[PDB]
Amino acid sequence: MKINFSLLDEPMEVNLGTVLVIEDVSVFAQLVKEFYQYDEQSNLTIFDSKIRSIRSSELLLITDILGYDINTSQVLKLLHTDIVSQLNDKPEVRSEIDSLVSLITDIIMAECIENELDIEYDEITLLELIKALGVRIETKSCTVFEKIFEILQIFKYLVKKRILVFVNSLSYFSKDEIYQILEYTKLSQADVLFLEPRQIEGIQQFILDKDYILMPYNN
Amino acid sequence: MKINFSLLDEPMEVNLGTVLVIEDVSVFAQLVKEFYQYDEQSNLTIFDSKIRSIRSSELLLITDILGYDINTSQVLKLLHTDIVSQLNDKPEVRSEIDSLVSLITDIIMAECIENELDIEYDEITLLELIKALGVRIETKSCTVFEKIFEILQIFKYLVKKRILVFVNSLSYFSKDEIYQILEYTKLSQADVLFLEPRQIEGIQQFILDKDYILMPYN
Amino acid sequence: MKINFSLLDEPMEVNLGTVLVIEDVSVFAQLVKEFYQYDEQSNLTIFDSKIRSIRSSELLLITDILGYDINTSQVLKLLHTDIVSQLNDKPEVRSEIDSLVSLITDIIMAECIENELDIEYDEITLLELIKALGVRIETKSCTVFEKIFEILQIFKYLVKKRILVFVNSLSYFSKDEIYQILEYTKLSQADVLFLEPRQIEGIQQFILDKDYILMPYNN
Amino acid sequence: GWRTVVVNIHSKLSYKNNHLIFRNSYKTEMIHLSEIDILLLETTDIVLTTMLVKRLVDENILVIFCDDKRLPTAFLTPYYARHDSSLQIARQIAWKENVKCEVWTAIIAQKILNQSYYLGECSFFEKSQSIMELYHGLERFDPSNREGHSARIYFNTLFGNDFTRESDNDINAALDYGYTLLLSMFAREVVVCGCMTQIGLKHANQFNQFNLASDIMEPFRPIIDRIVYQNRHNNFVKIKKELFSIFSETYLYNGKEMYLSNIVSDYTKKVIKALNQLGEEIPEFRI
Amino acid sequence: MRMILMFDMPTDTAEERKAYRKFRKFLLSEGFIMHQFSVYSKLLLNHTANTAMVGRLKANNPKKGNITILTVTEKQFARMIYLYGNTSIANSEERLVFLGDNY
Amino acid sequence: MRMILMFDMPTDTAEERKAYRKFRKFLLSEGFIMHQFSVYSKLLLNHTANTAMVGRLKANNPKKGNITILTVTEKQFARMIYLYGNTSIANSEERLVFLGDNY
Amino acid sequence: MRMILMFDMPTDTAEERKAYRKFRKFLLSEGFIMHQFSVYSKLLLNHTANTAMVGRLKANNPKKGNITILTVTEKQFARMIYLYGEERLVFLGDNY
Amino acid sequence: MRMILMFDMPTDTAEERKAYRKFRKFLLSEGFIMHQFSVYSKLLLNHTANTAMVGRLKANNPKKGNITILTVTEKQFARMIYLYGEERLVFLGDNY
Ligand SMILES: [Ca+2]
Ligand SMILES: [Ca+2]
Ligand SMILES: [Ca+2]
Ligand SMILES: [Ca+2]
């Protein structure tokens, strides 16, 4: 997942988490505007190993952390499917749940037989039980760090998003929290690109000087 | 208008443009959390000149400048209602509009009578004409400097919002652009408060030290 | 458009309007049930000149005349397009409408310039004027005859319906009204198949005797 | 600044980022503040903001407001950092009588010469020769009154001997209408120059408040009488419609073919600069 | 002709409240502005439009509805005073008027 | 000067109803006549009595009370039309008028 | 028949600008597409529609307006190439 | 090959007007003739001079300038109809 712009000499590769620091406010604002307008502008080009350019629908752009809605129909659906898989991996728990659901179905069936009208039904499944329970992620009481962590957790659930990008999101988190975010990103394998005006001390990052020189920086 | 939190000794007043710098990352992130959770949390408070607490509906919190849509259902509703009021303030112009709408309705009605299928219609209204024309605020923004200006225009247009708050929005604009934004805020009289992790050189701002003491700068 | 069932010796062709009278109540009720269940049952087979069997989605079945909803999104949309075409066929009327719309747009534009906010717009078109007028067919005060006539008029607007079929709809109409329905069906070219338990006097129809013999009848 | 911004159309004005935002129904234009010099509003439908007015106070640019008649009514007066035009009015108060008599005599000579030339274009040689003789006979202090004598010859040639300026007719009302439009344009130019229009070039009659502009617009007067002579049979409404096309029509200036607004602007500027510099050059306009 | 219109009706029943909302929306659609509760006004171009408006108002009046229509000049309309228990400024003869901080 | 006065206020509480009755009795004691619910009028002799009446009305206004005062001529007062969903006869142009049995 | 149409007119006056906007809107309503300013083209079905379009364009031409009409083949219309933009001293910087 | 060329660019700025004059003078120096404003044409000997001319036009195009290029036959060039902005007797038949 390499990104390239006219200011760079060679296209830079983004693997796992990547911290890109732009020391020039003009190039930074122009790059962010090229990130929001990316479908319209041909200056900023992001391509994969196949050299194929990714669509703006495949690109995931995030600026406001607490304003973004983490709960969506696809995210909640795939999450319920993941929970159903977790319950399916254990035979004993699935057997017990099947027993309880069988009892409830017996009760409701008796109540249906007691009625004068002819009534038919099918089944009460586990996905219907989860949908009836209303399982969803809670962002209401979550701190910004837990919000970005939940975003990194649900990025695997998003199928269409090729790359996640954060705009000036590293100013809220402490150095240790940034270390946790990067170390978790290495395990999640997702491609995350952070854009900051000022460099963060203690983490590996790519620095773009006002001279428009891109250099790797360990600190 | 003034804002108050447990960290400050006394509530600081926010008049026209204001730049607030928080030198503690924990107090800054917790402060933004208190801004988004302001309805849920009672820690952060805001007291106007009347010394009355304001609901979160009156507080306008904008973090991403480019990601904030200028056209909304409520904004278009208030704009269409405003144009309808302006057209209602002039009886003659609205009368001419009623005459033209009557002519168009007569033509389309004649074409409907010419058809072999029965057709039923109601009427045409000025609101349906405005919504049919698609009246909306200009969506063209070349840079974030212009987009923030449109945000200030729509904020000054909205009477319900008593305060506009930007979180880390000053990092995109150059020092000169910050001066133009402050001058435009002083000319527009609106109340704008900025939250920055680090201090900005050359402009007047309130610096909150890690010791929690607040000091003026420039 | 030929229809065939096990009771018939050869598949019968349905061209323009066709009145099919089934003298046996058992075969009639079974045929109507095969009309509602047509996708499930293989007994009744309707095929075109290509011998390709039409899907139940392509088949249009109608029993209650006043209970059917003639106003649909596709019917109203295609009807508005037809009205726009009728207004486009006349250059003078289109020119006048363009003039009036230009005047209204000038007024609203002046009102927008008077406002303090910067406002942009595009155009007020004819389709938007018709949608704002709310042009639709009125079935509220319509008699059953006018309702079936409007159904025959909107059957050309329906794209997906291959054949229209009416179940016992000829009992309400007088002989003269039936003559008007058939004579209009010959002009509309649509394929309509009526199913009646009792034969109608004075119109050409196909009669199925209790002996299961299909014969053409002039009266 | 240099460019003079004039708004003749309905529009709104705002101030953003040291940039004047002019918004009209057709298009939006943004102009830098340092480029603008004088700001004039022609119509009553223009909308402006007090913030832009304050920025104009810091920019010293002169704000000119006009009524529906287009005659300038009021102008913005700052309490400090006043414009240079207010310093230029003192020279108008210092205008010498010799320069005023020279410019006035030159203006009357230009108007009479244009009348005789127009009569020559109408192919009356005796009347044009008489008006030309009165033009060559014009002198300072006007003891001969050859202008008032050339008047009756010009009008009597145009509309006939029975016609006169004192009679009430659609021709006289049309002449007063054209003179009202030309008085509005020349008065707007004099207001752009900043000189007080109450001080006239004619020393005899101070009654009119427009006397300066009324004296400056005299050399262009016969151009109205030509169209009034062609359209004289038409009703006053049609004469107003024909006189309204003079703004769109282009005329020949001595230097190049130009619009009437630019010609009147250059003539007024040369007149004011010549009056302050005591007769360097006198702008001459011929039909 | 300045048309002042008062509107009252028993609101107790749900059907009465729905009829009140419908009649109010009809008044707003016709160009009338609500100054306060039950208080409305509209500027009619001439006497013909006033008569047609009277007929339309009689046709759209809800059951139990009561509407008072009065004709008023612009000078009387500017002299209209509204007192909320604070009175309107237009009736006041006060020399200095502050829209802003009264200090 | 013909003084038209509208009166509205939340009536829900018992104290509010008592205040409404007191204010209405005060309006009747001052010479005002009630044409209909919330509708009243009084004939003021001159501008001084009108101003004093305005001050008195502001002093006697109940809590939450709202009163609309408008100044109207006799010609506009005779043109007042009141429509009950029955309409005033003065607005009607009918040729024959019956005070009596309408037959 | 591919119709290439060029349109020019003095734009100085406000009436001239309004007439230019009206004529451009008329060209867009008739099916013409603007490749660039003053540059337009439209695909005419046959010679009859081309003649009628010529008459309509002559009728709708604004005062002082000037229109250039050229016929090009459909394949030649696709061959249309739009280019959008020797010095001794090259200056990159302030131009002095 | 008949080369029809339309030229346009925003003329507002002084630098833009100077660039427009320079580009027009370059078109005249290359053999192109101006039929009307923004309308020009030149006769290219073969496809070689056409390609080289396309490259040169792309090289000389001013900033924000826009050029439309169309290839046209002589019969189509003679059929070019230019209308610059109502018959009493209409004759359908032999024109006499
Ligand atoms: Ca189920
Ligand atoms: Ca639940
Ligand atoms: Ca539209
Ligand atoms: Ca409607």
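Residues numbered from 1 in each chain as written, not as in the entry; some residues may be left out. Chains lettered and ligands numbered in written order. Part of a larger assembly, values for the part shown. Heavy atoms only, no water. Residues with missing side-chain atoms left out of burial classes, pairs and counts.

- Per the deposited record, determination of this structure is attributed to cryo-EM, with the resolution reported as 8.9 Å.

1. Focus: the overall build of chain E
- When helices and strands are counted, chain E shows 3 helices and 5 strands.
- Starting at the N terminus and walking to the C terminus, you meet the elements of chain E as β-α-β-β-α-β-α-β.
- Taking 103 residues into account, the globule formula puts the C-alpha radius of gyration at 13 Å, and chain E, at 16 Å, lies well above it.
- Here the C-alpha coordinates of chain E stretch approximately 50 × 35 × 20 Å along the principal axes. (Helix = DSSP H or I, 4+ residues; strand = E, 2+ residues; numbered from the N terminus. Rg over C-alpha atoms; globule rule 2.2 N^0.38 Å.)

2. Brief notes about the overall build of chain B
- Within chain B one finds 6 helices and 10 strands.
- A compact globule built from 218 residues should have a C-alpha radius of gyration of about 17 Å, whereas chain B, at 24 Å, is more than 25% larger.
- If you line up chain B on its principal axes, its C-alpha atoms span 85 × 35 × 35 Å.

3. Re the UniProt feature "binding site: Ca(2+)" in chain B
Residue and element names in this part refer to chain B.
- The sites that carry the UniProt feature "binding site: Ca(2+)" are, in the present numbering, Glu138 and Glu150.
- Relative to the helices and strands, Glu138 resides in the loop between strand 6 (136–137) and helix 5 (144–157).
- Tracing the backbone through its elements, the reader meets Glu150 in helix 5. (UniProt positions renumbered as here; feature names shortened; annotations may be inferred.)

4. Brief notes about the packing of helix 3 (residues 97–121) of chain D against helix 4 (residues 125–136) of chain D
Residues and elements named next belong to chain D.
- Relative to each other, helix 3 and helix 4 sit at 165°, their axes nearing to 8 Å. Regarding the angle of helix 3 to helix 4, the classification is roughly antiparallel. Like other packed secondary-structure pairs, helix 3 and helix 4 cross with a definite hand, here left-handed. Of the residues in helix 4, those touching helix 3 at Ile112, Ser116, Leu119 and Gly120 are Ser128, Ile131, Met132 and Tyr135. (Axes fitted to C-alpha atoms, helices over the stretch in contact; angles between N-to-C directions. Parallel < 35°, antiparallel > 145°, perpendicular 65-115°, else oblique. Left-handed = near helix turned anticlockwise from the far one by under 90°. Contact = heavy atoms within 4.5 Å.)

5. Looking at the pairing of strand 7 (residues 163–167) of chain C
Residue and element names in this part refer to chain C.
- Summarising the sheet, strand 5 (residues 59–62) and strand 7 pair through 4 bridges and their orientation is parallel. Note on strand 7: the bridge partner recorded for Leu59 is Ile163.
- Bridge analysis of strand 7 against strand 8 (residues 192–196) gives 4 bridges, and the strand direction is parallel. For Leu164, the partnering residue across the bridge sits in strand 8 and is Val192.
- The parallel pair strand 7 and strand 8 is bridged by helix 6 (residues 175–188), and the resulting crossover is right-handed. (Pairing = 2+ DSSP bridges. Right-handed = clockwise from strand over helix to strand, strands pointing away.)

6. Points about the sheet that holds strand 1 (residues 2–4) of chain A
Residue and element names in this part refer to chain A.
- If you trace the 3 strands from one edge of the open sheet to the other, you get 2-1-4, paired in antiparallel fashion. Strands with a single pairing partner mark the edges of an open sheet, and in this sheet they are strand 2 (12–13) and strand 4 (45–47).
- Across 2 bridges, the pairing between strand 1 and strand 2 is antiparallel. Among the inter-strand pairings, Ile3 is bridged to a residue of strand 2, identified as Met12.

7. Overview of the domain arrangement of chain B
Residues and elements named next belong to chain B.
- Examined at the domain level, chain B breaks down into domain 1 (1–72 + 135–218) and domain 2 (73–134).
- For domain 1 versus domain 2, the separation of C-alpha centres amounts to 41 Å.
- Taken together, the contact between domain 1 and domain 2 spans 4 residues of the former and 7 residues of the latter.
- Residues that form the side of domain 1 that touches domain 2 fall into these classes: 2 nonpolar, 1 polar and 1 charged. (Domains from an automatic or database assignment. Nonpolar A, V, L, I, M, F, W, Y, C, P; charged D, E, K, R; others polar.)

8. Description of the interface of chain G and chain H
- Across the contact, 27 residues belong to chain G and 24 residues belong to chain H.
- A per-class count over the side of chain G that touches chain H returns 13 nonpolar, 9 polar and 5 charged.
- Sheet topology note: the strand 5 (residues 81–84) of chain G/strand 4 (residues 66–72) of chain H ladder contains 4 bridges and is antiparallel. Across the sheet, G:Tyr84 pairs through a bridge with H:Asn66, a residue of strand 4 of chain H.

9. Points about the pairing of strand 9 (residues 205–208) of chain C
Residue and element names in this part refer to chain C.
- Pairing of strand 3 (residues 17–22) with strand 9 involves 3 bridges; the strand directions are parallel. What sits directly across from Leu20, in strand 9, is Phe206.
- The sheet contact formed by strand 9 and strand 10 (residues 214–217) spans 4 bridges and is antiparallel. Within strand 10, the residue paired with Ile207 across the bridge is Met215.
- Between strand 9 and the antiparallel strand that follows it, strand 10, lie 5 residues; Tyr212 among them carries a positive phi value of about 65°.

10. Topic: unusual backbone geometry
- The phi angle at A:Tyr212 is positive, at roughly 65°, despite the residue not being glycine.
- Following the sequence through the fold, A:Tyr212 ends up in the loop between strand 8 (205–208) and strand 9 (214–217).
- One non-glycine residue, D:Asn145, lies in positive phi territory at about 55°.
- Here D:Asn145 is to be found in the loop between helix 4 and helix 5 (146–159).

11. Quick notes on the UniProt feature "binding site: Mg(2+)" in chain E
- Annotation from UniProt places "binding site: Mg(2+)" at E:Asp8.
- For E:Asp8, the location among the structural elements is in strand 1 (residues 2–8).

12. Let's talk about the arrangement of the chains
- The highest contact count of any of the 7 pairs of chains in contact belongs to chains G and H.
- Between chain F and chain G there is no contact, and the shortest C-alpha to C-alpha separation is 48 Å.

13. What about the sheet that holds strand 5 (residues 81–84) of chain E?
- Spatial ordering of the open sheet is given by 5(E)-4(F)-1(F)-3(F)-2(F), a layout of 5 strands whose pairing is antiparallel. The strands lining the two open edges of the sheet, one partner per strand, are strand 5 of chain E together with strand 2 (33–36) of chain F. Sheet twist, expressed as the mean angle between neighbouring strand axes with direction ignored, is 25°.

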